[PDB]
$ cat final_29.tsv   # TSV, N, CA and C atoms
chain	number	residue	atom	x	y	z
A	12	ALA	N	88.41	1.51	129.90
A	12	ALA	CA	87.54	2.54	130.53
A	12	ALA	C	86.45	2.98	129.54
A	13	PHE	N	85.38	3.54	130.05
A	13	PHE	CA	84.27	3.99	129.16
A	13	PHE	C	84.79	5.05	128.18
A	14	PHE	N	85.58	5.97	128.66
A	14	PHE	CA	86.12	7.03	127.76
A	14	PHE	C	87.02	6.39	126.70
A	15	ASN	N	87.81	5.43	127.10
A	15	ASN	CA	88.72	4.75	126.15
A	15	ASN	C	87.90	4.04	125.07
A	16	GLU	N	86.81	3.43	125.45
A	16	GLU	CA	85.96	2.71	124.45
A	16	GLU	C	85.38	3.71	123.45
A	17	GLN	N	84.95	4.85	123.92
A	17	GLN	CA	84.37	5.86	123.00
A	17	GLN	C	85.42	6.30	121.99
A	18	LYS	N	86.63	6.48	122.43
A	18	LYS	CA	87.71	6.91	121.51
A	18	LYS	C	87.95	5.82	120.46
A	19	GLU	N	87.95	4.58	120.89
A	19	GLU	CA	88.18	3.46	119.94
A	19	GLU	C	87.03	3.38	118.94
A	20	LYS	N	85.82	3.52	119.40
A	20	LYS	CA	84.65	3.45	118.47
A	20	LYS	C	84.70	4.61	117.48
A	21	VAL	N	85.00	5.79	117.95
A	21	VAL	CA	85.06	6.97	117.04
A	21	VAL	C	86.19	6.80	116.02
A	22	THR	N	87.34	6.38	116.47
A	22	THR	CA	88.49	6.20	115.53
A	22	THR	C	88.14	5.13	114.50
A	23	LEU	N	87.64	4.01	114.95
A	23	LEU	CA	87.28	2.92	114.01
A	23	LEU	C	86.16	3.38	113.08
A	24	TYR	N	85.19	4.07	113.62
A	24	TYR	CA	84.04	4.55	112.80
A	24	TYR	C	84.54	5.55	111.75
A	25	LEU	N	85.45	6.41	112.13
A	25	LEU	CA	85.94	7.44	111.17
A	25	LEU	C	86.63	6.77	109.98
A	26	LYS	N	87.47	5.81	110.22
A	26	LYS	CA	88.18	5.14	109.09
A	26	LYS	C	87.20	4.32	108.26
A	27	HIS	N	86.16	3.82	108.88
A	27	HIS	CA	85.18	3.00	108.13
A	27	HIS	C	84.42	3.87	107.13
A	28	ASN	N	84.07	5.07	107.51
A	28	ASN	CA	83.32	5.96	106.58
A	28	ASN	C	84.32	6.86	105.86
A	29	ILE	N	85.58	6.75	106.22
A	29	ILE	CA	86.63	7.58	105.56
A	29	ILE	C	87.87	6.70	105.31
A	30	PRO	N	88.00	6.12	104.13
A	30	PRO	CA	89.17	5.24	103.81
A	30	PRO	C	90.45	6.06	103.68
A	31	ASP	N	90.32	7.35	103.53
A	31	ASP	CA	91.51	8.23	103.41
A	31	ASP	C	91.93	8.69	104.80
A	32	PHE	N	91.29	8.17	105.82
A	32	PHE	CA	91.63	8.57	107.21
A	32	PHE	C	93.11	8.28	107.49
A	33	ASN	N	93.79	9.23	108.08
A	33	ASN	CA	95.23	9.05	108.41
A	33	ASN	C	95.39	8.94	109.93
A	34	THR	N	94.96	9.94	110.66
A	34	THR	CA	95.09	9.89	112.14
A	34	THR	C	94.00	10.75	112.78
A	35	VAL	N	93.73	10.52	114.05
A	35	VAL	CA	92.68	11.31	114.77
A	35	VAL	C	93.29	11.92	116.03
A	36	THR	N	93.03	13.18	116.27
A	36	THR	CA	93.59	13.86	117.48
A	36	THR	C	92.45	14.44	118.32
A	37	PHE	N	92.41	14.09	119.58
A	37	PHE	CA	91.34	14.61	120.47
A	37	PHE	C	91.87	15.81	121.25
A	38	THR	N	91.03	16.78	121.50
A	38	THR	CA	91.49	17.97	122.26
A	38	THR	C	90.26	18.72	122.80
A	39	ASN	N	89.49	18.06	123.63
A	39	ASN	CA	88.28	18.69	124.22
A	39	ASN	C	87.86	17.89	125.46
A	40	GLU	N	87.13	16.82	125.26
A	40	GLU	CA	86.67	15.99	126.40
A	40	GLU	C	85.90	16.86	127.39
A	41	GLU	N	84.68	17.21	127.05
A	41	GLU	CA	83.85	18.07	127.94
A	41	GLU	C	82.57	17.32	128.32
A	42	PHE	N	82.04	17.61	129.48
A	42	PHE	CA	80.79	16.93	129.93
A	42	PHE	C	79.58	17.76	129.51
A	43	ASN	N	78.71	17.18	128.72
A	43	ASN	CA	77.50	17.92	128.26
A	43	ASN	C	76.28	17.42	129.06
A	44	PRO	N	75.25	18.23	129.17
A	44	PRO	CA	74.00	17.84	129.91
A	44	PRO	C	73.51	16.44	129.50
A	45	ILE	N	73.63	16.10	128.24
A	45	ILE	CA	73.17	14.76	127.78
A	45	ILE	C	74.10	13.69	128.36
A	46	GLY	N	75.37	13.99	128.43
A	46	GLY	CA	76.34	13.00	128.98
A	46	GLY	C	77.76	13.49	128.73
A	47	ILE	N	78.39	12.99	127.70
A	47	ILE	CA	79.80	13.41	127.39
A	47	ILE	C	79.88	13.97	125.97
A	48	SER	N	80.88	14.76	125.70
A	48	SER	CA	81.05	15.35	124.34
A	48	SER	C	82.54	15.33	123.99
A	49	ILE	N	82.88	14.71	122.88
A	49	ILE	CA	84.31	14.64	122.45
A	49	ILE	C	84.47	15.34	121.10
A	50	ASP	N	85.47	16.18	120.98
A	50	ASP	CA	85.70	16.90	119.70
A	50	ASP	C	87.17	16.77	119.30
A	51	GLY	N	87.44	16.73	118.02
A	51	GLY	CA	88.85	16.60	117.56
A	51	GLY	C	88.90	16.76	116.04
A	52	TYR	N	90.03	16.49	115.45
A	52	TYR	CA	90.16	16.63	113.96
A	52	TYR	C	91.01	15.50	113.40
A	53	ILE	N	90.97	15.32	112.10
A	53	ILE	CA	91.76	14.22	111.45
A	53	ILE	C	92.73	14.79	110.41
A	54	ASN	N	93.70	14.00	110.03
A	54	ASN	CA	94.71	14.43	109.01
A	54	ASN	C	95.42	15.71	109.48
A	55	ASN	N	95.61	15.85	110.76
A	55	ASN	CA	96.30	17.05	111.31
A	55	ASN	C	95.72	18.32	110.70
A	56	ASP	N	94.47	18.28	110.29
A	56	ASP	CA	93.83	19.49	109.69
A	56	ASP	C	92.80	20.06	110.66
A	57	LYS	N	93.09	21.19	111.25
A	57	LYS	CA	92.16	21.82	112.22
A	57	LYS	C	90.81	22.08	111.54
A	58	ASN	N	90.83	22.36	110.27
A	58	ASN	CA	89.55	22.63	109.55
A	58	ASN	C	88.68	21.37	109.58
A	59	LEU	N	89.27	20.22	109.43
A	59	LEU	CA	88.47	18.96	109.45
A	59	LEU	C	88.21	18.55	110.90
A	60	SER	N	87.23	19.17	111.52
A	60	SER	CA	86.90	18.85	112.94
A	60	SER	C	85.63	18.01	113.02
A	61	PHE	N	85.51	17.22	114.07
A	61	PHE	CA	84.31	16.36	114.25
A	61	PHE	C	83.89	16.37	115.71
A	62	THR	N	82.62	16.19	115.97
A	62	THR	CA	82.11	16.19	117.38
A	62	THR	C	81.17	15.00	117.59
A	63	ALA	N	81.32	14.32	118.70
A	63	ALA	CA	80.43	13.16	118.99
A	63	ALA	C	80.25	13.03	120.50
A	64	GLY	N	79.16	12.43	120.92
A	64	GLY	CA	78.89	12.26	122.38
A	64	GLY	C	78.77	10.78	122.73
A	65	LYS	N	77.73	10.42	123.43
A	65	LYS	CA	77.55	9.00	123.83
A	65	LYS	C	77.49	8.09	122.59
A	66	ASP	N	78.29	7.06	122.59
A	66	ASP	CA	78.31	6.10	121.45
A	66	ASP	C	78.32	6.86	120.12
A	67	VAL	N	78.20	6.15	119.03
A	67	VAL	CA	78.21	6.81	117.69
A	67	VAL	C	76.76	7.06	117.25
A	68	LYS	N	75.84	7.09	118.19
A	68	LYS	CA	74.42	7.34	117.83
A	68	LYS	C	74.29	8.74	117.22
A	69	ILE	N	74.96	9.71	117.80
A	69	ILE	CA	74.90	11.10	117.27
A	69	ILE	C	76.30	11.52	116.83
A	70	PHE	N	76.44	11.96	115.60
A	70	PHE	CA	77.77	12.39	115.09
A	70	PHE	C	77.62	13.69	114.31
A	71	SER	N	78.50	14.63	114.53
A	71	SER	CA	78.41	15.94	113.81
A	71	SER	C	79.80	16.33	113.30
A	72	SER	N	79.86	16.95	112.15
A	72	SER	CA	81.18	17.35	111.59
A	72	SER	C	81.03	18.57	110.68
A	73	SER	N	82.12	19.22	110.38
A	73	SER	CA	82.07	20.43	109.51
A	73	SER	C	81.68	20.05	108.08
A	74	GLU	N	81.35	21.03	107.27
A	74	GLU	CA	80.95	20.75	105.86
A	74	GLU	C	82.16	20.20	105.09
A	75	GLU	N	83.33	20.70	105.39
A	75	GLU	CA	84.55	20.23	104.68
A	75	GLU	C	84.82	18.77	105.06
A	76	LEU	N	84.49	18.39	106.26
A	76	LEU	CA	84.72	16.98	106.69
A	76	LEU	C	83.48	16.14	106.37
A	77	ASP	N	82.37	16.78	106.13
A	77	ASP	CA	81.12	16.03	105.81
A	77	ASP	C	81.21	15.47	104.39
A	78	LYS	N	81.71	16.26	103.47
A	78	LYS	CA	81.81	15.79	102.05
A	78	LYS	C	82.76	14.61	101.96
A	79	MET	N	83.63	14.46	102.92
A	79	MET	CA	84.59	13.33	102.90
A	79	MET	C	83.83	12.02	103.00
A	80	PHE	N	82.76	12.00	103.75
A	80	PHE	CA	81.98	10.75	103.91
A	80	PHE	C	81.39	10.33	102.57
A	81	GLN	N	81.54	9.07	102.23
A	81	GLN	CA	80.99	8.54	100.96
A	81	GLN	C	79.87	7.56	101.29
A	82	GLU	N	79.83	7.10	102.52
A	82	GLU	CA	78.78	6.12	102.95
A	82	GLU	C	77.94	6.73	104.08
A	83	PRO	N	76.70	6.29	104.21
A	83	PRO	CA	75.77	6.79	105.26
A	83	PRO	C	76.23	6.43	106.68
A	84	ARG	N	75.76	7.17	107.65
A	84	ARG	CA	76.17	6.92	109.07
A	84	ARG	C	75.61	5.59	109.56
A	85	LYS	N	76.39	4.88	110.33
A	85	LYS	CA	75.94	3.56	110.88
A	85	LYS	C	76.43	3.42	112.32
A	86	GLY	N	75.71	2.70	113.13
A	86	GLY	CA	76.11	2.52	114.55
A	86	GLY	C	77.39	1.69	114.65
A	87	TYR	N	78.09	1.82	115.76
A	87	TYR	CA	79.35	1.05	115.97
A	87	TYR	C	79.05	-0.45	115.91
A	88	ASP	N	77.99	-0.87	116.55
A	88	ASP	CA	77.64	-2.32	116.55
A	88	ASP	C	77.26	-2.76	115.14
A	89	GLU	N	76.63	-1.89	114.39
A	89	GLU	CA	76.20	-2.25	113.01
A	89	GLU	C	77.43	-2.56	112.15
A	90	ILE	N	78.41	-1.70	112.17
A	90	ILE	CA	79.63	-1.93	111.37
A	90	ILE	C	80.39	-3.14	111.92
A	91	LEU	N	80.40	-3.30	113.21
A	91	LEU	CA	81.12	-4.45	113.83
A	91	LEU	C	80.48	-5.76	113.35
A	92	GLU	N	79.18	-5.82	113.35
A	92	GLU	CA	78.48	-7.06	112.92
A	92	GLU	C	78.65	-7.24	111.41
A	93	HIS	N	78.60	-6.17	110.67
A	93	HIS	CA	78.75	-6.25	109.19
A	93	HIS	C	77.77	-7.29	108.64
A	94	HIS	N	76.70	-7.55	109.35
A	94	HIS	CA	75.69	-8.55	108.88
A	94	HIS	C	76.38	-9.88	108.62
A	95	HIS	N	77.57	-10.05	109.13
A	95	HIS	CA	78.32	-11.32	108.92
A	95	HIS	C	78.08	-12.26	110.10
A	96	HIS	N	77.58	-13.44	109.84
A	96	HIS	CA	77.33	-14.41	110.93
A	96	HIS	C	77.35	-15.83	110.37
A	97	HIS	N	77.38	-16.81	111.23
A	97	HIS	CA	77.41	-18.23	110.76
A	97	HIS	C	76.01	-18.68	110.34
A	98	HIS	N	75.93	-19.54	109.36
A	98	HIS	CA	74.61	-20.04	108.89
A	98	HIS	C	74.80	-21.42	108.25

$ encode --input "final_29.tsv" --output "structure tokens"
Amino acid sequence: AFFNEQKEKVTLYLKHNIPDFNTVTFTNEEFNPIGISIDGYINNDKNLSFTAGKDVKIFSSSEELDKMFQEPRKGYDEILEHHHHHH
């Protein structure tokens, strides 16, 4: 389902920019004027909350969860391709 794909992209994206990622818990699923909005937290820490909508094009998180990121934001397709291809 479309909602299921968004959850998979967000979970995979979170661990890619966060190697210390342990688990992700969703608890919102609200419809925003732009489209959809999903919010949740990782490491069973309510303080570490994150919010995202359509695809991983737009991603927002708290300052405590922002410092966790060590690499710049990248699209789901960008990380999936990893610039790796046959040649």

$ closest_residue --input "final_29.tsv" --among "A:98, A:73, A:88, A:82" --to "residue 27 in chain A" --atoms "all atoms listed in the file"
A:82

$ closest_residue --input "final_29.tsv" --among "A:93, A:87, A:15, A:65" --to "residue 46 in chain A" --atoms "all atoms listed in the file"
A:65

$ closest_residue --input "final_29.tsv" --among "A:45, A:80, A:67, A:62" --to "residue 20 in chain A" --atoms "only N, CA and C atoms"
A:67

$ residues_near_point --input "final_29.tsv" --point "(81.4, 17.4, 123.9)" --cutoff "10 Å" --atoms "only C-alpha atoms" --output "MDAnalysis selection string"
chainID A and resid 39:51 62:65

$ atom_distance --input "final_29.tsv" --atom1 "atom C of residue 61 in chain A" --atom2 "CA of residue 91 in chain A"
21.1 Å

$ atom_distance --input "final_29.tsv" --atom1 "CA of residue 83 in chain A" --atom2 "CA of residue 58 in chain A"
21.4 Å

$ select_by_dssp --input "final_29.tsv" --residues "chain A" --states "strand (DSSP E)" --output "ChimeraX atom specification"
/A:35-37,41-43,46-53,60-63,70-72

$ atom_distance --input "final_29.tsv" --atom1 "CA of residue 32 in chain A" --atom2 "CA of residue 59 in chain A"
11.1 Å

$ closest_residue --input "final_29.tsv" --among "A:12, A:79, A:71, A:18" --to "residue 30 in chain A" --atoms "all atoms listed in the file"
A:79

$ closest_residue --input "final_29.tsv" --among "A:78, A:22, A:33, A:86" --to "residue 55 in chain A" --atoms "only N, CA and C atoms"
A:33

$ closest_residue --input "final_29.tsv" --among "A:23, A:90, A:29, A:35" --to "residue 53 in chain A" --atoms "only N, CA and C atoms"
A:35

$ select_by_dssp --input "final_29.tsv" --residues "chain A" --states "helix (DSSP H, G or I)" --output "ChimeraX atom specification"
/A:13-28,74-77,87-92

$ write_last_selection --input "final_29.tsv" --atoms "N, CA and C atoms" --output "mmCIF file, keeping the file's coordinate frame"
data_model
loop_
_atom_site.group_PDB
_atom_site.id
_atom_site.type_symbol
_atom_site.label_atom_id
_atom_site.label_comp_id
_atom_site.auth_asym_id
_atom_site.auth_seq_id
_atom_site.Cartn_x
_atom_site.Cartn_y
_atom_site.Cartn_z
ATOM 1 N N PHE A 13 85.380 3.540 130.050
ATOM 2 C CA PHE A 13 84.270 3.990 129.160
ATOM 3 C C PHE A 13 84.790 5.050 128.180
ATOM 4 N N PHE A 14 85.580 5.970 128.660
ATOM 5 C CA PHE A 14 86.120 7.030 127.760
ATOM 6 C C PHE A 14 87.020 6.390 126.700
ATOM 7 N N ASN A 15 87.810 5.430 127.100
ATOM 8 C CA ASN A 15 88.720 4.750 126.150
ATOM 9 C C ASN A 15 87.900 4.040 125.070
ATOM 10 N N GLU A 16 86.810 3.430 125.450
ATOM 11 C CA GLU A 16 85.960 2.710 124.450
ATOM 12 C C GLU A 16 85.380 3.710 123.450
ATOM 13 N N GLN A 17 84.950 4.850 123.920
ATOM 14 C CA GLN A 17 84.370 5.860 123.000
ATOM 15 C C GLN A 17 85.420 6.300 121.990
ATOM 16 N N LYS A 18 86.630 6.480 122.430
ATOM 17 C CA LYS A 18 87.710 6.910 121.510
ATOM 18 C C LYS A 18 87.950 5.820 120.460
ATOM 19 N N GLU A 19 87.950 4.580 120.890
ATOM 20 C CA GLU A 19 88.180 3.460 119.940
ATOM 21 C C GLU A 19 87.030 3.380 118.940
ATOM 22 N N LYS A 20 85.820 3.520 119.400
ATOM 23 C CA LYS A 20 84.650 3.450 118.470
ATOM 24 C C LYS A 20 84.700 4.610 117.480
ATOM 25 N N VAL A 21 85.000 5.790 117.950
ATOM 26 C CA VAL A 21 85.060 6.970 117.040
ATOM 27 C C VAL A 21 86.190 6.800 116.020
ATOM 28 N N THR A 22 87.340 6.380 116.470
ATOM 29 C CA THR A 22 88.490 6.200 115.530
ATOM 30 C C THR A 22 88.140 5.130 114.500
ATOM 31 N N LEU A 23 87.640 4.010 114.950
ATOM 32 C CA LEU A 23 87.280 2.920 114.010
ATOM 33 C C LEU A 23 86.160 3.380 113.080
ATOM 34 N N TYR A 24 85.190 4.070 113.620
ATOM 35 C CA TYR A 24 84.040 4.550 112.800
ATOM 36 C C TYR A 24 84.540 5.550 111.750
ATOM 37 N N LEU A 25 85.450 6.410 112.130
ATOM 38 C CA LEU A 25 85.940 7.440 111.170
ATOM 39 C C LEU A 25 86.630 6.770 109.980
ATOM 40 N N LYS A 26 87.470 5.810 110.220
ATOM 41 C CA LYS A 26 88.180 5.140 109.090
ATOM 42 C C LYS A 26 87.200 4.320 108.260
ATOM 43 N N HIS A 27 86.160 3.820 108.880
ATOM 44 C CA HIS A 27 85.180 3.000 108.130
ATOM 45 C C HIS A 27 84.420 3.870 107.130
ATOM 46 N N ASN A 28 84.070 5.070 107.510
ATOM 47 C CA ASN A 28 83.320 5.960 106.580
ATOM 48 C C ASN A 28 84.320 6.860 105.860
ATOM 49 N N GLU A 74 81.350 21.030 107.270
ATOM 50 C CA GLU A 74 80.950 20.750 105.860
ATOM 51 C C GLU A 74 82.160 20.200 105.090
ATOM 52 N N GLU A 75 83.330 20.700 105.390
ATOM 53 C CA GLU A 75 84.550 20.230 104.680
ATOM 54 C C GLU A 75 84.820 18.770 105.060
ATOM 55 N N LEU A 76 84.490 18.390 106.260
ATOM 56 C CA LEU A 76 84.720 16.980 106.690
ATOM 57 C C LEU A 76 83.480 16.140 106.370
ATOM 58 N N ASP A 77 82.370 16.780 106.130
ATOM 59 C CA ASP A 77 81.120 16.030 105.810
ATOM 60 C C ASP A 77 81.210 15.470 104.390
ATOM 61 N N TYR A 87 78.090 1.820 115.760
ATOM 62 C CA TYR A 87 79.350 1.050 115.970
ATOM 63 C C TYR A 87 79.050 -0.450 115.910
ATOM 64 N N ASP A 88 77.990 -0.870 116.550
ATOM 65 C CA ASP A 88 77.640 -2.320 116.550
ATOM 66 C C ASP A 88 77.260 -2.760 115.140
ATOM 67 N N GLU A 89 76.630 -1.890 114.390
ATOM 68 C CA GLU A 89 76.200 -2.250 113.010
ATOM 69 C C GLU A 89 77.430 -2.560 112.150
ATOM 70 N N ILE A 90 78.410 -1.700 112.170
ATOM 71 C CA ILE A 90 79.630 -1.930 111.370
ATOM 72 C C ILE A 90 80.390 -3.140 111.920
ATOM 73 N N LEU A 91 80.400 -3.300 113.210
ATOM 74 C CA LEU A 91 81.120 -4.450 113.830
ATOM 75 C C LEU A 91 80.480 -5.760 113.350
ATOM 76 N N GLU A 92 79.180 -5.820 113.350
ATOM 77 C CA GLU A 92 78.480 -7.060 112.920
ATOM 78 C C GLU A 92 78.650 -7.240 111.410
#

$ residues_around --input "final_29.tsv" --residues "residue 72 in chain A" --least-positions-apart "2" --cutoff "7 Å" --atoms "only C-alpha atoms" --output "JSON, numbers by chain"
{"A": [60, 61, 62, 70, 74, 76, 77]}

$ axis_aligned_box --input "final_29.tsv" --around "range 25-31 of chain A" --padding-each-side "5 Å" --output "lines of an AutoDock Vina configuration file"
center_x = 87.6
center_y = 5.8
center_z = 107.8
size_x = 18.6
size_y = 15.7
size_z = 18.7

$ build_atoms --input "final_29.tsv" --residues "range 35-59 of chain A" --atoms "N, CA, C and O atoms" --output "PDB file, in the coordinates of the input"
ATOM      1  N   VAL A  35      93.730  10.520 114.050  1.00  0.00           N
ATOM      2  CA  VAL A  35      92.680  11.310 114.770  1.00  0.00           C
ATOM      3  C   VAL A  35      93.290  11.920 116.030  1.00  0.00           C
ATOM      4  O   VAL A  35      94.001  11.262 116.764  1.00  0.00           O
ATOM      5  N   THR A  36      93.030  13.180 116.270  1.00  0.00           N
ATOM      6  CA  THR A  36      93.590  13.860 117.480  1.00  0.00           C
ATOM      7  C   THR A  36      92.450  14.440 118.320  1.00  0.00           C
ATOM      8  O   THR A  36      91.630  15.196 117.837  1.00  0.00           O
ATOM      9  N   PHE A  37      92.410  14.090 119.580  1.00  0.00           N
ATOM     10  CA  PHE A  37      91.340  14.610 120.470  1.00  0.00           C
ATOM     11  C   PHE A  37      91.870  15.810 121.250  1.00  0.00           C
ATOM     12  O   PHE A  37      93.021  15.860 121.627  1.00  0.00           O
ATOM     13  N   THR A  38      91.030  16.780 121.500  1.00  0.00           N
ATOM     14  CA  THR A  38      91.490  17.970 122.260  1.00  0.00           C
ATOM     15  C   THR A  38      90.260  18.720 122.800  1.00  0.00           C
ATOM     16  O   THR A  38      90.025  19.866 122.483  1.00  0.00           O
ATOM     17  N   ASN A  39      89.490  18.060 123.630  1.00  0.00           N
ATOM     18  CA  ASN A  39      88.280  18.690 124.220  1.00  0.00           C
ATOM     19  C   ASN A  39      87.860  17.890 125.460  1.00  0.00           C
ATOM     20  O   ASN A  39      88.190  18.228 126.577  1.00  0.00           O
ATOM     21  N   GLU A  40      87.130  16.820 125.260  1.00  0.00           N
ATOM     22  CA  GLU A  40      86.670  15.990 126.400  1.00  0.00           C
ATOM     23  C   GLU A  40      85.900  16.860 127.390  1.00  0.00           C
ATOM     24  O   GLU A  40      86.392  17.212 128.440  1.00  0.00           O
ATOM     25  N   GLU A  41      84.680  17.210 127.050  1.00  0.00           N
ATOM     26  CA  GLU A  41      83.850  18.070 127.940  1.00  0.00           C
ATOM     27  C   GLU A  41      82.570  17.320 128.320  1.00  0.00           C
ATOM     28  O   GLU A  41      82.067  16.497 127.581  1.00  0.00           O
ATOM     29  N   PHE A  42      82.040  17.610 129.480  1.00  0.00           N
ATOM     30  CA  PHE A  42      80.790  16.930 129.930  1.00  0.00           C
ATOM     31  C   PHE A  42      79.580  17.760 129.510  1.00  0.00           C
ATOM     32  O   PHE A  42      79.435  18.900 129.898  1.00  0.00           O
ATOM     33  N   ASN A  43      78.710  17.180 128.720  1.00  0.00           N
ATOM     34  CA  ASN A  43      77.500  17.920 128.260  1.00  0.00           C
ATOM     35  C   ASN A  43      76.280  17.420 129.060  1.00  0.00           C
ATOM     36  O   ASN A  43      76.277  16.310 129.543  1.00  0.00           O
ATOM     37  N   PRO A  44      75.250  18.230 129.170  1.00  0.00           N
ATOM     38  CA  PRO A  44      74.000  17.840 129.910  1.00  0.00           C
ATOM     39  C   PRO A  44      73.510  16.440 129.500  1.00  0.00           C
ATOM     40  O   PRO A  44      73.037  15.675 130.316  1.00  0.00           O
ATOM     41  N   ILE A  45      73.630  16.100 128.240  1.00  0.00           N
ATOM     42  CA  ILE A  45      73.170  14.760 127.780  1.00  0.00           C
ATOM     43  C   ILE A  45      74.100  13.690 128.360  1.00  0.00           C
ATOM     44  O   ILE A  45      73.677  12.614 128.726  1.00  0.00           O
ATOM     45  N   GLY A  46      75.370  13.990 128.430  1.00  0.00           N
ATOM     46  CA  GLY A  46      76.340  13.000 128.980  1.00  0.00           C
ATOM     47  C   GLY A  46      77.760  13.490 128.730  1.00  0.00           C
ATOM     48  O   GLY A  46      78.280  14.302 129.467  1.00  0.00           O
ATOM     49  N   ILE A  47      78.390  12.990 127.700  1.00  0.00           N
ATOM     50  CA  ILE A  47      79.800  13.410 127.390  1.00  0.00           C
ATOM     51  C   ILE A  47      79.880  13.970 125.970  1.00  0.00           C
ATOM     52  O   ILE A  47      79.054  13.678 125.122  1.00  0.00           O
ATOM     53  N   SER A  48      80.880  14.760 125.700  1.00  0.00           N
ATOM     54  CA  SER A  48      81.050  15.350 124.340  1.00  0.00           C
ATOM     55  C   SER A  48      82.540  15.330 123.990  1.00  0.00           C
ATOM     56  O   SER A  48      83.364  15.861 124.703  1.00  0.00           O
ATOM     57  N   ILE A  49      82.880  14.710 122.880  1.00  0.00           N
ATOM     58  CA  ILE A  49      84.310  14.640 122.450  1.00  0.00           C
ATOM     59  C   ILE A  49      84.470  15.340 121.100  1.00  0.00           C
ATOM     60  O   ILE A  49      83.699  15.124 120.185  1.00  0.00           O
ATOM     61  N   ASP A  50      85.470  16.180 120.980  1.00  0.00           N
ATOM     62  CA  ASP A  50      85.700  16.900 119.700  1.00  0.00           C
ATOM     63  C   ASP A  50      87.170  16.770 119.300  1.00  0.00           C
ATOM     64  O   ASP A  50      88.053  16.712 120.137  1.00  0.00           O
ATOM     65  N   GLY A  51      87.440  16.730 118.020  1.00  0.00           N
ATOM     66  CA  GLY A  51      88.850  16.600 117.560  1.00  0.00           C
ATOM     67  C   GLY A  51      88.900  16.760 116.040  1.00  0.00           C
ATOM     68  O   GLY A  51      87.925  17.125 115.414  1.00  0.00           O
ATOM     69  N   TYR A  52      90.030  16.490 115.450  1.00  0.00           N
ATOM     70  CA  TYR A  52      90.160  16.630 113.960  1.00  0.00           C
ATOM     71  C   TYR A  52      91.010  15.500 113.400  1.00  0.00           C
ATOM     72  O   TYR A  52      91.688  14.791 114.128  1.00  0.00           O
ATOM     73  N   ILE A  53      90.970  15.320 112.100  1.00  0.00           N
ATOM     74  CA  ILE A  53      91.760  14.220 111.450  1.00  0.00           C
ATOM     75  C   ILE A  53      92.730  14.790 110.410  1.00  0.00           C
ATOM     76  O   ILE A  53      92.598  15.906 109.957  1.00  0.00           O
ATOM     77  N   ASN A  54      93.700  14.000 110.030  1.00  0.00           N
ATOM     78  CA  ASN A  54      94.710  14.430 109.010  1.00  0.00           C
ATOM     79  C   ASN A  54      95.420  15.710 109.480  1.00  0.00           C
ATOM     80  O   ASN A  54      95.802  16.543 108.684  1.00  0.00           O
ATOM     81  N   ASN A  55      95.610  15.850 110.760  1.00  0.00           N
ATOM     82  CA  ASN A  55      96.300  17.050 111.310  1.00  0.00           C
ATOM     83  C   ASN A  55      95.720  18.320 110.700  1.00  0.00           C
ATOM     84  O   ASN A  55      96.385  19.337 110.606  1.00  0.00           O
ATOM     85  N   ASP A  56      94.470  18.280 110.290  1.00  0.00           N
ATOM     86  CA  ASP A  56      93.830  19.490 109.690  1.00  0.00           C
ATOM     87  C   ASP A  56      92.800  20.060 110.660  1.00  0.00           C
ATOM     88  O   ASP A  56      91.753  19.482 110.889  1.00  0.00           O
ATOM     89  N   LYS A  57      93.090  21.190 111.250  1.00  0.00           N
ATOM     90  CA  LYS A  57      92.160  21.820 112.220  1.00  0.00           C
ATOM     91  C   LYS A  57      90.810  22.080 111.540  1.00  0.00           C
ATOM     92  O   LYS A  57      89.771  22.028 112.165  1.00  0.00           O
ATOM     93  N   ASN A  58      90.830  22.360 110.270  1.00  0.00           N
ATOM     94  CA  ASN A  58      89.550  22.630 109.550  1.00  0.00           C
ATOM     95  C   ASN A  58      88.680  21.370 109.580  1.00  0.00           C
ATOM     96  O   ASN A  58      87.474  21.449 109.738  1.00  0.00           O
ATOM     97  N   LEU A  59      89.270  20.220 109.430  1.00  0.00           N
ATOM     98  CA  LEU A  59      88.470  18.960 109.450  1.00  0.00           C
ATOM     99  C   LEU A  59      88.210  18.550 110.900  1.00  0.00           C
ATOM    100  O   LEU A  59      88.888  17.700 111.451  1.00  0.00           O
TER     101      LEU A  59
END
